[PDB]
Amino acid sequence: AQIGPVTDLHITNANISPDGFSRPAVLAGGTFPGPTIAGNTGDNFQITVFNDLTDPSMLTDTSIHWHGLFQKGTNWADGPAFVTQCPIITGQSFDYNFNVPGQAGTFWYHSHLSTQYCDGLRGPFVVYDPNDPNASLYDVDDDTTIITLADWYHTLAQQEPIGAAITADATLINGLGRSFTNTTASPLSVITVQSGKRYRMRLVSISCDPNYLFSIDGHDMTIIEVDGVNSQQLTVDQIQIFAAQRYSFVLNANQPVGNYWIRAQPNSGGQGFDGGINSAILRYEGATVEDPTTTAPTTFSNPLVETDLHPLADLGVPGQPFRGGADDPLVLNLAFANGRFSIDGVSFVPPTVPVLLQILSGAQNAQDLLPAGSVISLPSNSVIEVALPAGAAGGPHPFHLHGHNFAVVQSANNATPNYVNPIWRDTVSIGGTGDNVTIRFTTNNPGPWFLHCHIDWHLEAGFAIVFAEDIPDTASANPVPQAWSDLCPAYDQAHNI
């Protein structure tokens, strides 16, 4: 069952074997992925997170981010450690109490301390719309239509050796999959459909790193939502989904009753499907319980291309229809060298005092804020443009902005901007060498909002900045509860800081 919008959520250590290999993990709700947290648009979520972690090899502190939720007036509940809070220490709990006005769609939640979400603290977060404009396009939309794509590692995240390449050991679809090496015939996930019905499949990348080429043999997929933003219908036969992105698509169960492979090919790790790696099963009711015998095409006919997506609503693009046509036009210099990423020459290292607390304590320009050179102020009620030119090693990098979604004025692999009707989303691939992926948004949400690559290994290696949006109004806009005020003293005492 789904939990929420008011729920406890316990964070524990446990052994799991999602690909047949046992390792310890950091889990929400006792499972990988964690339980779906759900409610309706506009609801008050009160998620009391109980940190019960005891194994230091995966960190005993935690903090949880609710990915894609804007947190307007509740920046303190956003979750990124040392940006909006100190971590919750073991044996303590913290109530993330926030509202979701004006949002409805497919989201997720994850640890936002170090690389801890890779160790298992990841799960779906759905905000249903009772008056969804896409409601008539499908029959079924429930916990059984959520599809998570995850990378899974045999080596613990804190134990990945310095200087060696990090790749995953399995792709997990709905928590199950097979290992790329020493493959065993462990159970595959089954997604069940009834012939003739239409399903809102909510595809969630909970990846720490790889992008996936997602497809379903014999079927096509009609996209209706992108990162929480309703889209015009776009029929595709393959979706390249980057870390932290979401799509909803209509699946029409219009093929013969049978078994069909679900495929999720990562860009690193095991290539292909030998032994049933990178696979799950779409099973029609009344089909034999057996593996599919279908194949993929050699070449997909209608892959998703981001510039083909358009909002369902008339969202437009803020600002003026040319490069630099914004109140605050930025161009970030995104680089990598010698194991560290940097933005405008500064590698992100989390500060001792969370950025929000520094602001509440009276630091009132971004040059006063730590880490020095990592916090950029944005003015209020302004159109912001951020160009994110690619080229840094380890791409393609999926950049994500907290507190906001944004118009994708320029997408990967296409030099032409779109100032008319591009999709809006919250995580975007910046593409390849020579690209100039560019985003726009308006600043109507005071607080410090993280901007970073969502490949968690890259975030850990410094690929981030903080946008201190409307510093002057941050304190008045974001009243903080006593429990939040208690986090830093508790954390610093526990850690002898």
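The term rigid core refers to the most C-alpha atoms you can superpose between the two forms while keeping them within 1.5 Å. Note that residue numbering begins at 1 and tracks the sequence as displayed.
Taken in 9 other deposited structures of this protein and fitted on the core, 403 to 411 and 156 to 164 differ in how far their Cα atoms move from the shown form, and the one that moves more is 156 to 164.
For the pair 165 to 173 and 178 to 186, greater average C-alpha departure from the shown form in 9 other deposited structures of this protein after core alignment is found in 165 to 173. When the C-alpha B-factors of 142 to 150 and 355 to 363 are averaged, 355 to 363 comes out higher. Relative to its counterpart among 301 to 309 and 103 to 111, 301 to 309 has the higher mean temperature factor, C-alpha atoms as listed in the PDB entry. For the set 121, 401, 166, 83, the maximum C-alpha B-factor listed in the entry falls on 166. For the set 411, 195, 232, 207, the PDB entry puts the maximum C-alpha B factor at 195. Residue 128: CA B factor in the middle third of modelled residues in this chain (values from the PDB entry). When the modelled residues of the chain are ordered by their C-alpha B factor, residue 219 lands in the highest third. Sort the chain's modelled residues by C-alpha temperature factor and residue 68 lands in the lowest third, per the entry.
In the PDB entry, a CA B factor belonging to the highest third of its chain's modelled residues is recorded for residue 270. When the modelled residues of the chain are ordered by C-alpha B-factor, residue 35 sits in the middle third.
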